[PDB]
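Chain residues, written in single-letter form:
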Amino acid sequence: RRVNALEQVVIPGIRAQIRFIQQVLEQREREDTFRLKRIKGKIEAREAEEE
Amino acid sequence: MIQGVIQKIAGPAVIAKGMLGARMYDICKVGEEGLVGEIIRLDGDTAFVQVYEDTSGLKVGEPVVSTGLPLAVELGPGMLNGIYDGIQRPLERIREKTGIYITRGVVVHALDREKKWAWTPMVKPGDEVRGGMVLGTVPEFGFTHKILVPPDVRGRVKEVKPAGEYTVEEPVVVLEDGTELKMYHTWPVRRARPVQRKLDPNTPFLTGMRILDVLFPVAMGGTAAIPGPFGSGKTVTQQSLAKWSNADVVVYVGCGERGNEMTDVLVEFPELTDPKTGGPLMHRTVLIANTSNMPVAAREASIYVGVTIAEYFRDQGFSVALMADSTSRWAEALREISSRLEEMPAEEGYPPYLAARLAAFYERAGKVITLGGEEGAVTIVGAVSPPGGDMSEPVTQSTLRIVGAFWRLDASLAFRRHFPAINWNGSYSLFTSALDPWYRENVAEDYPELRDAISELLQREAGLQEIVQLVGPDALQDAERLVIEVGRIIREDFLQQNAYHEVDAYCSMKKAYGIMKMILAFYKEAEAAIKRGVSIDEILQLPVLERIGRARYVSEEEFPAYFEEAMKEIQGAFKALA
Amino acid sequence: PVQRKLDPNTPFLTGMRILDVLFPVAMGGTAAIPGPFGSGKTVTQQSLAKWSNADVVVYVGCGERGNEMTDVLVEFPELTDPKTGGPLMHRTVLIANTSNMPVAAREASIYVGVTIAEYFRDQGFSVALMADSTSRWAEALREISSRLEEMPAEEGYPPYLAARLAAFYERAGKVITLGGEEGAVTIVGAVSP
Amino acid sequence: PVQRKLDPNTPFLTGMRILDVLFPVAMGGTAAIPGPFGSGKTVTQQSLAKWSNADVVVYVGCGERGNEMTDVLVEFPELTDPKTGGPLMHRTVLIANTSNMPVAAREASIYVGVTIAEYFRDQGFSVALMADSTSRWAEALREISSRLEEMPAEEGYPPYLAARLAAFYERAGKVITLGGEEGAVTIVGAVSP
Amino acid sequence: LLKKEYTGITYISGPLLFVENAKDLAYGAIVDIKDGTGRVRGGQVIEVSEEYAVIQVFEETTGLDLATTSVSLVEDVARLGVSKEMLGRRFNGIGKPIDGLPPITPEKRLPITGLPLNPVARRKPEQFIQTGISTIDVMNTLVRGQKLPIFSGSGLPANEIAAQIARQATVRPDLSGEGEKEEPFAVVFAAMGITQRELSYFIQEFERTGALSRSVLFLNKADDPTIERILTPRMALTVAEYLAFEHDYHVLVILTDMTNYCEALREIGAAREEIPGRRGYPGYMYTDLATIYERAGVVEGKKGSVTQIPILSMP
Amino acid sequence: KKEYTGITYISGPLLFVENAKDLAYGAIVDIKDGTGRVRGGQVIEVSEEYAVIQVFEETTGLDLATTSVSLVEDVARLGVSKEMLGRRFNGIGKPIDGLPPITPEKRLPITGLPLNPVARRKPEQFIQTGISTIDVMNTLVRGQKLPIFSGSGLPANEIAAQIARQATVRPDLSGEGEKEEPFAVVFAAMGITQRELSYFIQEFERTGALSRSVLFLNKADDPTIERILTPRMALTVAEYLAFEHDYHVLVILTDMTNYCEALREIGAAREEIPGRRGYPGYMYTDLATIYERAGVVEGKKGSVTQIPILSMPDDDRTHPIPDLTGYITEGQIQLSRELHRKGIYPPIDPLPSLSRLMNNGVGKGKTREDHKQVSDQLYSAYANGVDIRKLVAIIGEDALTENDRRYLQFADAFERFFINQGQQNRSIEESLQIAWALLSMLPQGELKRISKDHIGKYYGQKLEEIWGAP
Ligand SMILES: Nc1ncnc2c1ncn2[C@@H]1O[C@H](COP(=O)(O)OP(=O)(O)OP(=O)(O)O)[C@@H](O)[C@H]1O
Ligand SMILES: Nc1ncnc2c1ncn2[C@@H]1O[C@H](COP(=O)(O)OP(=O)(O)OP(=O)(O)O)[C@@H](O)[C@H]1O
Ligand SMILES: Nc1ncnc2c1ncn2[C@@H]1O[C@H](COP(=O)(O)OP(=O)(O)O)[C@@H](O)[C@H]1O
Ligand SMILES: [Mg+2]
Ligand SMILES: [Mg+2]
Ligand SMILES: [Mg+2]
């Protein structure tokens, strides 16, 4: 009974939690990449363009 | 073509001004040395190029000269028995003039310009020609290389050169409009070569591995994928397919390999022999080698050059097998190239167009009717290396959507030294029904029934695993013990295969069919003896079990006598019992 | 404008046992009903529209299916008002903006519905306002802010998302009108995470 | 400048059993104590300042509470020096820059404290330097970098953050002074992730 | 008819190119791009301003330059020519026949985006469709005017189920009592991201039984340009709506794989360069999917109907 | 000679100089100010109107009125010689031992030229490092790239110093006896502290191993560009010695994590967009230009062997730096925290360790012929023992059979004697003798993986013969 409970209950839950955390971290990385792109685009907008 | 000057250098990106008239994705020669690059952005009078090599030492004001053509490959005689990089440069001819290193800016030609070829024209003046037909033949090793008119060229023949010894640069046929046709032509690697019609595959791609061609076969012209963790046996299986396949021409592509692992294949291959004619193995193969230290542009375009060469050899009526080793390391090169372009990466860091490129690579295979009226085929087998062994990687899931076979490798069998470590539960093949008519005319009329019986016997053992996990095998009933022992017999006598053995490395269809027949006959006799009623311990003691075990290691032309003796030996041993 | 706001002390009878007994809502309160797809938000809101004791019901279909709107358009005239005996459609105001309609009109539908609900409150009636989905309004705000090249806060939403939701939900409550009578507005909004 | 560095071969006694036994720190070594809020970094550092065998203790409150500085200013004059017998405040130098103080002065306080500690090292003493939090220094560097319109590192910090932290921790050690004596500086830093 | 060409190309990068003096190009217009070699590509205006107009290219920009390139206008709104003779034909998801037959002669030209239906003009669905599957027809019966997707997996046989439903679908008027007269039934089969083997399987399955005589096929392959995958379901829905609401047909629309459509939409959405959504997919994907699914239903005062069965594989 | 005074912008590690179109990309420049102090710099961007220069060290004394810039060299070059053996350098070639600078026989670019794949040959000879867990089970072959994975508190520096102090070749076991082979060790340290510097100097100078070694040492407070350039100088020296004087060299990189962090800082300072987890997207290419410079070349007698050392940031093997390293190298050696906390040194755990090129360098004609089967048997027996040990804790020692007790005693004796060798220096014969003595605890015939001839020849030696010096 203990073996069946461990093999059918706890491991899929832990795996799903790991998957959720990985997705959240990946989304945060994508957002910070977008922010870095925007601030670089603002950097080039003044020094290389204005008089 | 358009010539300009260097305006700004910021690493691998060079801005060249005065390049009005240049086209996108053209090849440019940057600087005085002549470094190559690709135009990736046109803006007014300036163009953005990306140099492949190192840009250290360059100065502002150096000339930039464009070539006017995208990345292309020279297709013609002299590609067989050749070693190339990712951008089709002969490594042997580079070493003869440079040394042990590869200096930047070295210039070589893909096809040798000083070797004489025997020319035999087939057309005559006054004929009307179109793209894809045959103008003549050229003897190359064991093959007759056909000279094909380029696909986009049509016209009327004006003058034909007579027979003799000519180089590849001699214009053999000149058309009425002034166009000159030579022994070679150039084709962009990103454009698929057109054909007339695609056909359904109906012939098996024989591999020499028992489980591959028996349980999960692949038709000639299909696609297969072999993923697995580290140490599973991907490279050994791929080079076994290179050595023992029944394909006419083999193209081996290595992207981002390690130096010593590339050296292993580059050394062992000249020592091998062709299984068909007995000549050298390298006379039928084209090698593309890229270790980790050539630039990322040559590593990324390695698979398209190989598939273009395979498509060119398909248009001559041959049957070509293409093996791409570790496409997961091509995905890394693609990811790096996309990272240098700031292209907003998708999940797991890969660009969103990875699936499109993977589909574009894998959909060039198939059996077609060529523009010359002949039948050709290209078979692609790709190896995938997941990072942690999980098949949820985007590369693995993208490859799973389009391939017709899936030879999954398991790390559990690799730990127990069970080779090839192919999980037969997790594998599948979508070509069994198509090749079912072919099996019953060339091997035996009852081969599919034998294969289904073997698969059913393997499936029955897997349903008993929860029984042997609680109690020991000896505690089981005799009926279940029989299927357990016959499953062990199958696993250790049919699925197991040694790639480094003298005779076990190659196995034909009839030998495997005879082994399956012997196993099923033993199972039937044991079931009958159980039905009369004997102890299972006496059955397992029988010395005919040794004959089935040693049936793997008997050579090819001694097998029929061995099988004939064993077929009656099983019966003779089983009648001499209670 | 209003004169004063009062403490709600009379229940909003929804006609559903679990909502009316275990987790009651008052005559001037606000409620939220989140859940995944196919859980029962629309059925609960339509049952509240059919069976509640509110005088006037305002239904806002912000970015939802059009078949759910045709259902209300067809079946409601056949039914009966629980407290007057007339047709059920005679006390119902419908604001519809389906999912294939322009995105920018989702916010305007919510504001129009809440303004109409406040207008009916000033005459002394008790009004129940139901929003089919407040997530589509947030999606519209996200799209508008993306067109304005603004800096997103979390998951692409503008940083002022909470202010709009606070301003929308604060319009409900039992008040003493400028005319001197008593009126109340209840808001039950559904969230689709 | 110094004349020659020396190998560490003498322990720095702190008075805490676990730190003195299981995870020792040399007289010229460096240590770091990170943890969440309420875990006991300030109590441990104050116990180290009270009970260590160092001749001179320099305490740097980079961006922290002023109540802790009031605690140190009040309690220390009534305590006894372990190796002298006089008041404990006669061997201690405090540099205080609280959280409500201007942000740009957080960077200067660390350098002032380490310069004073190096000055007391040149006279042949053994000096213990305590940094209340270098995370406040990193946050100040991030705050100043926003006004310069730079492209930052992983979590918004400037790319030169790892150089400043390395240059700060390399000032510790047991040396031979230019005057021929021998002194050492030990640095204990706290991190607030 | 006269044609106008613009040669003011000033900037080419990635999928985009800028045209200088294109003030008369309407927003969302369809253009074609001709290079020096004579090859013609396609594009769409995604932003038009006073200084320049932004046109994204449907395919790769290889071979384009700033001198010989010219841009011309094809039509302000993308349209498709439809006819009643399209039953029994196969198309590539863009309008080009692939069966080798001569092209059809259009009777009307309809925009592929369509228009939203008035909720007042709708009516409630009240009649069922027999599909030949007991688990569907008894427990979860399909209603004329419903959109009922099928959630599948990687190794599950979704294609065989789609083929069986396309073959066995019918409407039975004898169980309604409204007379046993013929109610015309048609099937629109849209497939995108489909490999060559699946294409051959679908063609053979439709040809063997004879169900091709009442069906229109739009087939998009994996190696095709990613814009044809986006435009594939809209053309099929336009044809289905035309047939149902102008010829009293009871049509059935089957979309083979929405996952490939979402992948193509994510690939296209990188040109606009906006903040991504939950897992890299665009944040407007709900509206884009709603513009497809919400085109089915029934209309008061009309006899026809449109029914959709999307199919997707859950990752 | 020519000096540029058109400075227009100074901020952080960057300065712009106008009218400098004559400077080549990647050049080295000297920055001079009014106080006479001279700093170094490198050109990272050249344009038609100004050039961008990244400056080593801080920029405290610079101003826009008195600063001038002069050119030093177009390409960063190093002067190599055979007299560099026995010397120490600071990572850019400047000596730090007080000895006069060396006279160069040649000047070479520190950037590497890729080797021709058709010019290499398969490695076939082993290196005796003096450690049983490496010599026996994870054999290092001349021309292999075998990294070492360590943690935060694990003693990787001690292992590196011991390997560099005990490394040697054994020509008496290869073929017929061969001839004398020169051997050298190139040591590169990146981002080390003063304590590690003193430990390395004391370890190298106390045994005479300095006479055959070259040291490139970079401190933590040194500029990061010197940390970037540190391994390339060492690899240039190794390539010169191996392929111009027939030396068998061994290269040790002490910390590649510091190199990766310095690369990240340089990429961030040059305004580039990072890739996965904040690291630059070209880190796979940059790391490949360092690892793939090792190997052996057909037609030459010398060889280059690399032993990179890197620390996993949080004991995670899915981190990009350990993940990309395994994509290039030929295996790994993993240290264990559990063995370290039990007092076992060196704490090498053989269960996850793996050497890919082991089979080529062992067998008949090169070391003893029973090597492979003995290693496999030891691995299998240890794998059984580590499971019997945890079964004991639940079911007790008296609930097992006798052979499980033998396996448990084998595992304990293995951990006590084979792995825990201390500061000894063991030859391959001594390690094989100890391995065969450990296999005598197991019953005869239980060793399935070994043939009967080797069992007949070698089984039967008592373990207590090592009791003279265990
Ligand atoms: N109280 C109920 N009694 C009976 N059936 C119910 C009840 N609530 C829900 N259902 C059933 O469940 C279905 C849920 O549909 P509903 O429109 O309420 O979902 P939803 O939560 O609004 O989802 P979506 O976000 O997809 O619009 C109903 O169509 C009905 O079949
Ligand atoms: N050694 C100790 N003995 C007894 N109590 C202790 C000890 N260390 C900590 N505490 C208790 O735990 C509390 C932790 O507060 P403290 O000021 O040490 O937090 P901190 O870790 O420095 O946090 P912050 O990051 O917020 O400054 C102390 O106020 C005290 O009550
Ligand atoms: N068919 C086989 N017969 C014998 N040994 C095999 C077989 N397949 C794999 N192996 C062993 O497994 C190992 C697998 O390594 P390799 O195939 O080179 O890399 P990977 O499996 O990681 O792609 C090889 O060292 C080889 O000795
Ligand atoms: Mg491999
Ligand atoms: Mg709903
Ligand atoms: Mg504190």
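Peer 1: Would you mind showing me how to read the overall build of chain C here?
Peer 2: Of regular secondary structure, chain C possesses 6 helices and 7 strands. Mapped in sequence order, the helices and strands of chain C form the string β-α-β-α-β-α-β-α-β-α-α-β-β. For a compact globule of 193 residues, the expected C-alpha radius of gyration is about 16 Å, and chain C comes in at 17 Å, within 12% of that figure. Taken along its principal axes, the extent of the C-alpha atoms in chain C is 50 × 40 × 30 Å. For chain C, with 193 residues in total, the buried portion stands at 45%. When the accessible surface of chain C is split by element, carbon and sulfur atoms take 60% of a total near 9,500 Å². Put simply, chain C has 16 plus and 22 minus side-chain charges, and the middle of one group is 2 Å from the middle of the other.

Peer 1: Help me understand the pattern of salt bridges, please; the structure alone is not making it clear to me.
Peer 2: Side-chain pairs of opposite charge can arise whenever the charged atoms involved come near each other. Counted under the stated rule, the structure contains 115 salt bridges over all chains. Here E:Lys124 and C:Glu75 are joined by a salt bridge, their closest N and O atoms 3.0 Å apart. Of this pair, E:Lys124 sits in the loop between β10 (108–111) and β11 (128–129) while C:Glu75 sits in helix α3 (residues 67–75), on two different chains. Residue class for C:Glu75 comes out partly exposed when judged on its relative accessible area of 25%. The shortest N-O distance in the salt bridge between E:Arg234 and E:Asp288 comes to 3.1 Å. Taken together, the positions of E:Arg234 in helix α4 (residues 226–247) and E:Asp288 in helix α6 (residues 285–293) put the pair 54 residues apart, joining distant regions of the chain. Several salt bridges converge on common partners, so that one network encompasses D:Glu64, D:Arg65, D:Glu68, D:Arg136, D:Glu139 and D:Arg142.

Peer 1: Would you take a moment to explain the sheet that holds strand β13 (residues 150–152) of chain E for this structure?
Peer 2: The pairing of strands in a sheet happens through backbone hydrogen bonds and is either parallel or antiparallel. Residue and element names in this part refer to chain E. Taken in spatial order, the 6 strands line up as β9-β15-β14-β16-β17-β13 in an open sheet, and their pairing is parallel. The strands lining the two open edges of the sheet, one partner per strand, are β9 (90–91) and β13. With 6 bridges connecting them, strand β16 (residues 250–255) and strand β17 (residues 305–313) associate as parallel partners. Within β17, the position partnered with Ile 254 by the bridge is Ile 309. This element, α4, spans β14 (185–194), β15 (215–221), β16 and β17 of the sheet and lies at about 175° to β14. Packed on one face of the sheet, helix α5 (residues 258–268) meets β14, β16 and β17 and runs near 75° to β17.

Peer 1: Looking at this structure, how should I read the site of ligand 2?
Peer 2: All names here are of chain D. Every residue lining ligand 2 is accounted for by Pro 36, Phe 37, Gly 38, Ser 39, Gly 40, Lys 41, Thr 42, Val 43, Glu 64 and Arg 65. A distance of 3.4 Å separates an oxygen atom of ligand 2 from a polar atom in the backbone of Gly 38. In the model, an oxygen atom of ligand 2 is placed 2.8 Å from a nitrogen or oxygen of the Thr 42 side chain. Taken by itself ligand 2 offers 640 Å² of open surface, and the protein chains cover 55% of this. A total of 3 residues in the shell around ligand 2 trace back to one element, the largest contributor, which is helix α2 (residues 41–51). Considered class by class, the residues forming the shell around ligand 2 number 3 nonpolar, 4 polar and 3 charged.

Peer 1: Looking at this structure, I do not really get the arrangement of the chains. What am I missing?
Peer 2: For the 9 pairs of chains in contact, the largest share of contacts goes to chains B and F. No interface is formed between chain D and chain E, the nearest pair of C-alpha atoms being 19 Å apart. A minimum C-alpha distance of 19 Å separates chain C and chain F, which share no contact.

Peer 1: Mind showing me how you'd approach the nonpolar core here?
Peer 2: Nonpolar side chains in soluble globular proteins generally cluster together in the buried interior. Residues and elements named next belong to chain B. Counting 85 residues, the largest nonpolar core has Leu 215, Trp 407, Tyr 447, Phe 494, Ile 519, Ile 539 and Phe 574 as the members making the most contacts within it. Top element by residues in this core is helix α15 (residues 509–532). It accounts for 13 residues. Counting residues domain by domain, this core receives three or more from each of domain 2 (72–114 + 182–429) and domain 4 (430–577). With near-sequence residues (within four places) excluded, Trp 407 lies in contact with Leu 212, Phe 216, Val 218, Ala 224, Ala 225, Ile 226, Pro 227, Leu 241, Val 381 and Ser 427.

Peer 1: How should the interface of chain F and chain B be read in this particular structure?
Peer 2: Many descriptions give the size of an interface as the accessible area lost when the pieces come together. With 48 residues of chain F in contact, the opposing surface of chain B contributes 53 residues. Both faces considered, chain F and chain B share a buried interface measuring about 4,700 Å² in area, 54% of it formed by carbon and sulfur atoms. For F:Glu45, the salt bridge identified is with B:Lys8, shortest N-O distance 3.4 Å. Counting the contacts that link chain F with chain B gives 17 residue pairs in polar contact. When residues of the side of chain F that touches chain B are traced back to their parent elements, those giving at least two are β5 (38–46), α4 (224–245), α6 (283–291) and α7 (320–328) of chain F. For the side of chain F that touches chain B, the leading source of residues is α7(F), giving 5 residues.

Peer 1: Would you explain the interface of chain A and chain F in this entry?
Peer 2: Taken together, the contact pairs 7 residues of chain A with 7 residues of chain F. For the pairing of chain A and chain F, the buried interface totals around 500 Å² over both sides, and the portion due to carbon and sulfur atoms is 56%. Per-residue buried area on chain A facing chain F is highest for A:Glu29, A:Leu36 and A:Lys40; these three make up 64% of the total on that side. Run the count over chain A and chain F and you get 0 salt bridges. The tally of links between chain A and chain F comes to 1 residue pair in polar contact. Partitioned by chemical class, the residues of the side of chain A that touches chain F number 2 nonpolar, 1 polar and 4 charged.

Peer 1: Would you explain unusual backbone geometry in this entry?
Peer 2: Among all residues save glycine, negative phi is the norm, and among peptide bonds the norm is trans. Note the cis peptide between B:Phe419 and B:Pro420, where omega equals 0°. Following the sequence through the fold, B:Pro420 ends up in the loop between α10 (411–415) and β26 (428–429). In this model, F:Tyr345 is joined to F:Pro346 through a cis peptide bond whose omega is -5°. For F:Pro346, the position within the fold is in the loop between α8 (337–341) and β20 (354–355). With a phi close to 55°, B:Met344 is a non-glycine residue in the positive phi region. The class of B:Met344 is buried, set by a relative accessible area of 18%.

Peer 1: Just checking my understanding: could you explain the pairing of strand β3 (residues 27–30) of chain B for this structure?
Peer 2: Remember that side chains alternate between the two faces of the sheet whenever the strand is regular. Residue and element names in this part refer to chain B. Of the pairings in the sheet, the one linking β3 to strand β4 (residues 35–43) comprises 4 bridges and is antiparallel in character. Following the sheet pairing, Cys 28 is matched in β4 by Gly 37. Turn length for the β3-β4 hairpin, with the two strands adjacent in sequence and antiparallel, is 4 residues, and the turn residue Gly 31 shows positive phi of about 85°. Pairing of β3 with strand β6 (residues 63–66) involves 3 bridges; the strand directions are antiparallel. For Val 30, the partnering residue across the bridge sits in β6 and is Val 64.

Rules used throughout
Residues numbered from 1 in each chain as written, not as in the entry; some residues may be left out. Chains lettered and ligands numbered in written order. Part of a larger assembly, values for the part shown. Heavy atoms only, no water. Helix = DSSP H or I, 4+ residues; strand = E, 2+ residues; numbered from the N terminus. Rg over C-alpha atoms; globule rule 2.2 N^0.38 Å. Buried < 20%, exposed > 50% of the residue type's maximum accessible area, 1.4 Å probe, protein only. Areas by Shrake-Rupley, 256 points an atom, 1.4 Å probe, with all protein chains shown as cover. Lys, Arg positive; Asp, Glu negative; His and termini not counted. Charge placed at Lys NZ, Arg CZ, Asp CG, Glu CD. Salt bridge = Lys/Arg side-chain N within 4 Å of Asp/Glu carboxyl O. Pairing = 2+ DSSP bridges. Contact = heavy atoms within 4.5 Å. Axes fitted to C-alpha atoms, helices over the stretch in contact; angles between N-to-C directions. Near = heavy atom within 4 Å. Polar contact = N/O pair within 3.5 Å; in protein donor to acceptor, adjacent residues only side chain to side chain. Nonpolar A, V, L, I, M, F, W, Y, C, P; charged D, E, K, R; others polar. Core = buried A, V, L, I, M, F, W, Y, C linked by side-chain atoms within 4.5 Å. Domains from an automatic or database assignment. Buried area = accessible area lost by both parts, 1.4 Å probe.

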